[PDB]
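Note sheet for the following structure.
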Amino acid sequence: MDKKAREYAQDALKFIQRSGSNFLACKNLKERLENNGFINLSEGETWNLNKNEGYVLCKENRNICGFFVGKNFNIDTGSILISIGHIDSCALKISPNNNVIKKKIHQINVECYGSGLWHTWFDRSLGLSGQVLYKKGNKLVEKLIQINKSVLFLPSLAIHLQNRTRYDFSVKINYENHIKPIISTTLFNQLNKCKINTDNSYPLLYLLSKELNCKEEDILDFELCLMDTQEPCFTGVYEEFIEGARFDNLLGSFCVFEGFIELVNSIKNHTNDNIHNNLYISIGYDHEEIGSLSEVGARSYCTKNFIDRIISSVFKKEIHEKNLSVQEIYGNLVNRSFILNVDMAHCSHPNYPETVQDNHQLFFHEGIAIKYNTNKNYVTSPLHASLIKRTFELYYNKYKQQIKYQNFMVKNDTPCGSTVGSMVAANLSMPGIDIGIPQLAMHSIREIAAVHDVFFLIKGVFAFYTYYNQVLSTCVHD
Amino acid sequence: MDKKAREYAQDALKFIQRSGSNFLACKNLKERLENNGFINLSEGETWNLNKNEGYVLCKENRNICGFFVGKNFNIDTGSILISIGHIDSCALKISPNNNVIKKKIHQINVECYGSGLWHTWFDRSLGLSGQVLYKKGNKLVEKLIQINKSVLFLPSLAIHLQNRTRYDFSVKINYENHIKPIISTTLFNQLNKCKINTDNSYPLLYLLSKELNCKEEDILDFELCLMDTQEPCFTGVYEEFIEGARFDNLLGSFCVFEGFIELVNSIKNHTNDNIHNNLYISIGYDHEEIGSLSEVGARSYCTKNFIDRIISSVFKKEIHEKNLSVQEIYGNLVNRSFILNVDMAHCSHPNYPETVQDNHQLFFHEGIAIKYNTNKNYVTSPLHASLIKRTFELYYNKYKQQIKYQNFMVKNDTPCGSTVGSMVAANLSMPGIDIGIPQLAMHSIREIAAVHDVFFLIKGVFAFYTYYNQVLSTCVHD
Amino acid sequence: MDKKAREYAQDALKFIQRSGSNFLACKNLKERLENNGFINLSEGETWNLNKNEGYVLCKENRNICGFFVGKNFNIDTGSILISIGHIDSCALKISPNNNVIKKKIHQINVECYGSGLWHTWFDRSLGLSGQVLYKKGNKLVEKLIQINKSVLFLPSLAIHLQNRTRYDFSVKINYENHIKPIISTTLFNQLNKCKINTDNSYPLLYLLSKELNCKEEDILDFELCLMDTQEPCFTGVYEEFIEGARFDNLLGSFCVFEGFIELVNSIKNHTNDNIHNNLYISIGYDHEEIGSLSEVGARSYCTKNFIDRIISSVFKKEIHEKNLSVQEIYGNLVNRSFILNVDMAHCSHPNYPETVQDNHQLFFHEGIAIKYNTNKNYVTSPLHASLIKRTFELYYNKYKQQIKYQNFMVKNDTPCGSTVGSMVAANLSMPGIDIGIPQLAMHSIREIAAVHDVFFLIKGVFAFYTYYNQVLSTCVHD
Ligand SMILES: [Zn+2]
Ligand SMILES: [Zn+2]
Ligand SMILES: [Zn+2]
């Protein structure tokens, strides 16, 4: 696994450093799915879905959703298997009116998107990734940009100005005042000008026009996210960790789609009856960090309408002549359905032993977290994790490679952030689980994670895809 | 009513003391509905619904939903009448990794489910109820257990160790540290062993294996809730109250289904045109105490897909040949629809006169609460309570037994907990009301309530079922 | 010992559940002593005591004191062996003026007797035990009542009214305002009336008149204690603990008298010279929880006058003709005398590791506590515990059953509650020790204790009775 765990983390470290925002997360995953032969269908034309074919759609370039229709569906004995991991992170997005000129320094005022460690974003060689809408002729042209060179810097305050050396000197980052990255000075802005809107920064507008090869006056408005220009890398002495940026479920949703790609490649190659019996959906949501209340979030009707469009297009012919309905067929498959929500989990911090549960601890290379909660912030029920642990045991009987797992639970007094596990499980009425891999410094600009956990997560989504209905057929209720 | 109010509270006190958790709430209600002849249909086969027949389904053994299709539906003049009361309570559920050995004492670390008076759970002879998944051969066997003997104890701290006798000695229950029930000592665990997983407690695993008659190594994982082993009983001098446990809408949802059973028995017996004209649904939700964001909660798509499966299966033949749709038929019945959310309400505490409204007070044996709210935490609108108060008056004209009611409203400065009234009224787009019966010490391990209110609630759900369309036909808007 | 430890805890669990107060503690112990043949003598007639006979007296039905005069007393070489355990507990006693009618609910206002965990008394199916004085003809008739059905309930506040879910929601039990159990409503009080004093509650006066079979107007005044109606039971998985109520030295003083009964049965049966040489007194005190300043407390002259009445009646003939005095004879026997004070001790709480000493810890089934103190709140001196540990070793040489012990000491910074060890050791000028058995949640309504400790305590009082003068004869001072 040492070789396959490093090869899995290598491709994840090719995915991140190209996935600088939520837009290039949808773009690079759609490019990753189209390399295996997925038919890229748009939401706006018409859906004529076929058996045995895989499909992919970016809903308005924020929400990736790739699904694979099995060969023999059975309305009677079949399932809809969904793996979920949001494609976004806590980033400093750029405000619309950004022209801050203070102390002879051109600045951007950025909006803090999500709930992040914003003091870690201080003193970073920052870049740009996101979506820019610009004019070309009479047509609005949309381009996803990726500026991997350092063009922004959020400077900290020098230590000499406040009181020093005690209780970490009472550091307080005011989110409006102190979080405003510098981009240029007014000296070299005017020096690089002689060789229309006053709301956009001309150092910024010169930068995007250099990337898009147009005038700065053609740049209309943009949704840009600040990213750290430092490439992700294997760390530790033994090159045993991974870290670069955005590992809050951009590493995790890589394993959602890498586990989904290996499933479809296992279906298409070497062609055993129940693998062609399911609808395997793999959706990368947006706007998780702010609560999923969006048109492309988890609380959206997007996924629920996607399944009701797959059911209507696949079973187009059997609605008419045996008088079934969509909600009859959808509620028929919901009993055999499942949701595998993948989002990162808190590894046991060695420097903070007071924020960890005693029994439910997570360590690196120890396996997938299975995140439980008091208040169902994670949707894991002890029945529905027992089915997934038996999919990990059916993986061990066939591939002779153990998928390790470990139960994670936050302390009863401390609160924890909710995920999209129970959001989609309420929208789709499907049972669910919340798994993920342990990482340290979650919601920060650099997040460290283990490379064996990337192997266990990719095989963990693949084992849930392959062996869920083999476990579900053996469950007898009263 | 004295005889019928005690007989109603007697069967409720048979329902509780068998309903130790949310799983045995679904199980005993499904057994209570199947005794009247309800056709138990599963979500996974196919729905061929008939007129005049009653149906019942436990969605994955947490969410009970019993409905009765009337004899002559009318898409033009007909209704969907839903009564709602969640089947769950604030309980100490058992964590997955439970092996706490401290001070030579085997402990369970429990997770505080819901928002309860957890200091009342201290010093109780505690039992176990819930769902246990265990192996038998190669098959995962699911069993709902009920351990009515005291096998757990959450001990308090002795009074001598802190400061004493003033302002109740500054009692602070740390939810992680201090809430960990003892189960055994290491002396008698080792003494009862000589005559695989290290995460589960062997005193607990010996206990469940004794109930399931298998090895302790076959017990995989379980969703167990701690309950109080003391049986509920009639209290007061005149045997005029009821109390045992879990009366936060396990008594209330008993009256939802006992009011539903008496309706269906009134439809089947003595066979006046509008009683066969409606779809009477009675659903017992789960996960209310944590906010209903679950696959079996009120925010789920489960109930909305259930009605769209009833409409599709009952009107299977009229979709095809007059070209109606489900959402056309569902939105047609939503104008005549109603939601009767039943959850317990705060009786006027005599020892706390500063937490009560002056005019909106609730007293025992005074009637059903009709819970109003500022922020619509309760879904009661003053129009839609006026229709229900006229169903209580149509009950008085036929049965000559007055259904008493009283309006309940929390103070403007104090906040109150939201219920599932507005959650399902948003999911189903149906108008609603929040009724319930006054009880003291809500969300505690022992909750006292009045036996005349159990009579008024059972007749209150029955009067809403019988006489809503007779009231709704007499409403003239402009 | 497993069989004998369960048989000892079985009879203790027959003693408690009949011993609901301090009055029925004196009554049931006097019935327990009279079954072995103890001559019940009253304080008011005349004391003609005999050798070889056992006597028992309830001083005004609160203070039990059973003693056994040995066959051959020796003023020269003889002793007075006293075992002490108070018969009372922290209970909610009923106030004289109890007519609280607030929010249409009949209430009792109760007085908090002792220093108890009064938040554990909330939400309990509460009963009544105590002494009721009522008229019958022209004669004041005294009756000890025991109402084992739930007739009272102290309700808590619902969780929704205050702030929630943090630091246990700032629970504060005001001892006057919030501790007032409900007993009835004014609806069913008036409903059960049509089918003189305004200070007594008519729901209460109807209840006691139903038990005494007289009019409510004959009930004059009463000393009633609220008790929990739940019967004590063996708990744990292995049925290894005991808990029901009042285990603060009503379990402990059971072992005082059960150890005393087994002594007298060892003296009368199998009839070796020094067992008939002592005055074995076993006294159950009252009013310990409030500081023993009473006519039946430990600070009373009752015990000191009892010994001076035993010495005067046994040695009635030798005072006259060799010109001895009572204080000469009493101070002669005080040098060989001992006091075995038995009161419960704090087991090491697993959920509170900051309130325990590191070295002096108490665990369940580990033996008798031997409670030491800094300030002599416990009367244990390291000389006088060394004699008792040698009585435990002389028990092991004869019966081949080890009496385990463990030293208990509270932390130096924390204070601990004083016992009646040093109170009676000052009143009688006898050396003493404070032993007891470890229990959790002392001074609460449910207190858990171990069943092997009940065996060790009963054999511990019996070994002090049998083998103290064999140890005391081997002590050589300088
Ligand atoms: Zn995330
Ligand atoms: Zn409730
Ligand atoms: Zn005591």
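Residue numbers (the authors' numbering), protein chains in the order written: chain G, 1 to 195, 272 to 347, 363 to 569; chain F, 1 to 195, 272 to 347, 363 to 569; chain A, 1 to 195, 272 to 347, 363 to 569.
We put the CB at the ideal spot given by N, CA and C, even for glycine.
Within 10 angstroms of the Cβ of residue 567 (chain A), are there 16 or more other Cβ atoms? Answer buried if so, exposed if not. Start at 1 with the first residue of the third sequence, and residue 567 (chain A) comes out as number 476. Counting Cβ neighbours within 10 Å, residue 567 (chain A) comes out exposed, since fewer than 16 surround it.
Can you list, in chain order, the residues of its chain whose CB lies under 6 Å from that of residue 123 (chain A), leaving out five sequence neighbours each side? Counting from 1 along the third sequence, the entry for residue 123 (chain A) is found at position 123. Within the same chain, residue 123 (chain A) has close Cβ partners 156.
Within 8 Å, strictly: CB atoms of residue 369 (chain G) and residue 488 (chain G): Taking the first sequence and counting its residues from 1, the one referred to as residue 369 (chain G) is at position 278. Taking the first sequence and counting its residues from 1, the one referred to as residue 488 (chain G) is at position 397. No. Outside cutoff.
Contact list for residue 455 (chain A) against chain F, beta-carbon separation under 8 Å: As a working note, residue 455 (chain A) is residue 364 in the third sequence. Result: 104, 105, 185 and 187.
Do residue 302 (chain F) and residue 152 (chain F) have their C-beta atoms within less than 8 Å of each other? Reading the second sequence from its first residue, position 226 is the one you call residue 302 (chain F). Reading the second sequence from its first residue, position 152 is the one you call residue 152 (chain F). Cβ distance < 8 Å, so residue 302 (chain F) and residue 152 (chain F) count as in contact.
Hey, is the segment 322-330 of chain G in contact with the segment 48-59 of chain G, meaning 3+ C-beta pairs nearer than 8 Å? no
Mapping DSSP to helix, strand and coil, what is residue 158 (chain F)? Here residue 158 (chain F) refers to the residue found at position 158 when the second sequence is read from its first residue. Looking at residue 158 (chain F) - three-state DSSP - the assignment turns out to be coil, as it is neither helix nor strand.
Contacts that residue 419 (chain G) makes with chain F (C-beta to C-beta distance below 7 Å): On the first sequence, position 328 is the one that residue 419 (chain G) refers to. The contacting residues are 47, 400, 403 and 404.
From F:468, F:473, F:481 and F:162, residue whose alpha carbon lies closest to that of residue 506 (chain F): By one-based count along the second sequence, residue 506 (chain F) stands at place 415. Of the candidates F:468, F:473, F:481 and F:162, the one whose C-alpha sits nearest the C-alpha of residue 506 (chain F) is F:468.
When G:39, G:169, G:569 and G:379 are compared against residue 90 (chain G), the one with the closest alpha-carbon: Sequence index remark: in the first sequence, residue 90 (chain G) carries index 90 (1-based). For the residues G:39, G:169, G:569 and G:379, the minimum Cα distance to residue 90 (chain G) belongs to G:379.
In this structure, does DSSP put residue 96 (chain A) in helix, strand or coil? Within the third sequence, numbered from 1, the residue matching residue 96 (chain A) stands at position 96. Coil.
Is residue 303 (chain G) a contact residue of ligand 1, with contact defined as CB to any heavy atom under 7 Å? For the purposes of this step, residue 303 (chain G) is taken as the residue at position 227 of the first sequence. No, ligand 1 has no heavy atom inside 7 Å of this Cβ.
From the DSSP secondary-structure annotation, give me the bridge partner or partners of residue 529 (chain G). For the purposes of this step, residue 529 (chain G) is taken as residue 438 along the first sequence, with counting starting at 1. Answer is G:436, bridged to residue 529 (chain G).
May I have all residues whose beta carbon comes closer than 5 Å to any heavy atom of ligand 3, sorted in chain order? A:324, A:325 and A:434
What would DSSP say about residue 287 (chain F), mapped onto helix, strand or coil? Position 211 of the second sequence, counted from the start, is the residue given in the question as residue 287 (chain F). The answer is helix: DSSP assigns residue 287 (chain F) an H, G or I state.
Local Cβ density within 10 Å of residue 509 (chain F), reported as buried at 16 or more and exposed below that: Here residue 509 (chain F) refers to the residue found at position 418 of the second sequence. The residue in question, residue 509 (chain F), is buried, as its Cβ has 16 or more Cβ neighbours within 10 Å.
Bounding residues of the beta strand (DSSP E) (the contiguous stretch that carries residue 299 (chain A)): On the third sequence, residue 299 (chain A) is found 223 positions in, with the first residue counted as 1. Here the beta strand (DSSP E) through residue 299 (chain A) covers 295-304.
Rounded to whole angstroms, what's the CA-CA distance from residue 282 (chain G) to residue 388 (chain G)? Just pull it up for me. Within the first sequence, numbered from 1, the residue matching residue 282 (chain G) stands at position 206. Within the first sequence, numbered from 1, the residue matching residue 388 (chain G) stands at position 297. Going from the Cα of residue 282 (chain G) to the Cα of residue 388 (chain G) covers about 33 Å.
Cβ of residue 379 (chain F) versus every heavy atom of ligand 2: is any distance shorter than 7 Å? Indexing the second sequence from 1 puts residue 379 (chain F) at position 288. At least one heavy atom of ligand 2 is nearer than 7 Å to the Cβ of residue 379 (chain F), so yes.
Could you list the residues in the segment 286-303 of chain F with a C-beta less than 8 Å from some C-beta on chain G, going in chain order? 296, 297, 298 and 299
Please list the terminal residues of the continuous beta strand (DSSP E) segment that includes residue 392 (chain G). Walking along the first sequence from the start, residue 392 (chain G) turns up at place 301. Taken as a continuous stretch (DSSP letters only), residue 392 (chain G) belongs to no beta strand (DSSP E), as it is neither H nor E.
Ignoring anything shorter than 3 residues, give me the beta strand (DSSP E) runs that lie fully in the segment 42-69 of chain F, in order along the chain. 54-59 and 63-69
Rounded C-beta distance between residue 456 (chain F) and residue 543 (chain F)? I'm assuming under 8 Å. To locate residue 456 (chain F), count along the second sequence from 1; it is residue 365. To locate residue 543 (chain F), count along the second sequence from 1; it is residue 452. Rounded, the Cβ-Cβ distance is 4 Å, consistent with contact.
So which of A:522, A:128, A:490 and A:552 has the shortest CA-CA distance to residue 474 (chain A)? Within the third sequence, numbered from 1, the residue matching residue 474 (chain A) stands at position 383. Checking every option, the nearest Cα to that of residue 474 (chain A) belongs to A:522.
What is the DSSP secondary structure of residue 516 (chain F), counted as helix, strand or coil? Locating residue 516 (chain F) in the second sequence gives position 425, counting from the first residue. Three-state DSSP puts residue 516 (chain F) in a helix.
With DSSP collapsed to three states, give me the class of residue 371 (chain G). On the first sequence, residue 371 (chain G) is found 280 positions in, with the first residue counted as 1. Three-state result, residue 371 (chain G): strand.
Is any heavy atom in ligand 1 found nearer than 7 Å to the beta carbon of residue 86 (chain G)? As a position in the first sequence, residue 86 (chain G) is number 86, starting the count at 1. Correct: residue 86 (chain G) has its Cβ closer than 7 Å to ligand 1.
Considering only their Cβ atoms, is the gap separating residue 84 (chain A) from residue 431 (chain A) smaller than 8 Å? Within the third sequence, the letter at position 340 stands for residue 431 (chain A). Within the third sequence, the letter at position 84 stands for residue 84 (chain A). Yes, the Cβ-Cβ distance between residue 431 (chain A) and residue 84 (chain A) is below 8 Å.
Taking 7 Å as the cut-off, is the C-beta of residue 331 (chain A) nearer than that to any heavy atom in ligand 4? Ligands displayed in this structure: ligand 1, ligand 2 and ligand 3; ligand 4 is not among them.
Burial state of residue 96 (chain G), where buried means 16 or more other Cβ atoms lie within 10 Å: Translated into the one-based positions of the first sequence, residue 96 (chain G) becomes position 96. That one is exposed.
Could you say which of A:374, A:296 and A:295 lies nearest to residue 396 (chain A) if we only look at CA atoms? Counting from 1 along the third sequence, the entry for residue 396 (chain A) is found at position 305. Measuring from the Cα of residue 396 (chain A), the nearest candidate turns out to be A:374.
Would you say residue 439 (chain G) reaches chain F, if we count a Cβ-Cβ gap shorter than 8 Å as a contact? Sequence index remark: in the first sequence, residue 439 (chain G) carries index 348 (1-based). No, its Cβ sits nowhere closer than 8 Å to a Cβ of chain F.
Consider the Cβ of residue 498 (chain F): report whether some Cβ of chain A lies at a distance smaller than 8 Å. The residue you call residue 498 (chain F) lines up with position 407 of the second sequence. No, residue 498 (chain F) lies away from the interface with chain A (no Cβ there is under 8 Å from its Cβ).
Counting only Cβ-Cβ distances shorter than 8 Å, please list the residues of the segment 120-142 of chain A near chain F, keeping chain order. 120, 122, 123, 124 and 125
Hey, could you find the ends of the alpha helix (DSSP H) residue 83 (chain F) is sitting in? Along the second sequence, one-based indexing puts residue 83 (chain F) at 83. Run containing residue 83 (chain F): none in the alpha helix (DSSP H); it sits in the beta strand (DSSP E), 79-84.
For the alpha helix (DSSP H) containing residue 566 (chain A), name the first residue and the last one. Numbered from 1 along the third sequence, position 475 holds the residue referred to as residue 566 (chain A). Per DSSP, residue 566 (chain A) belongs to no alpha helix (DSSP H) and is neither H nor E.
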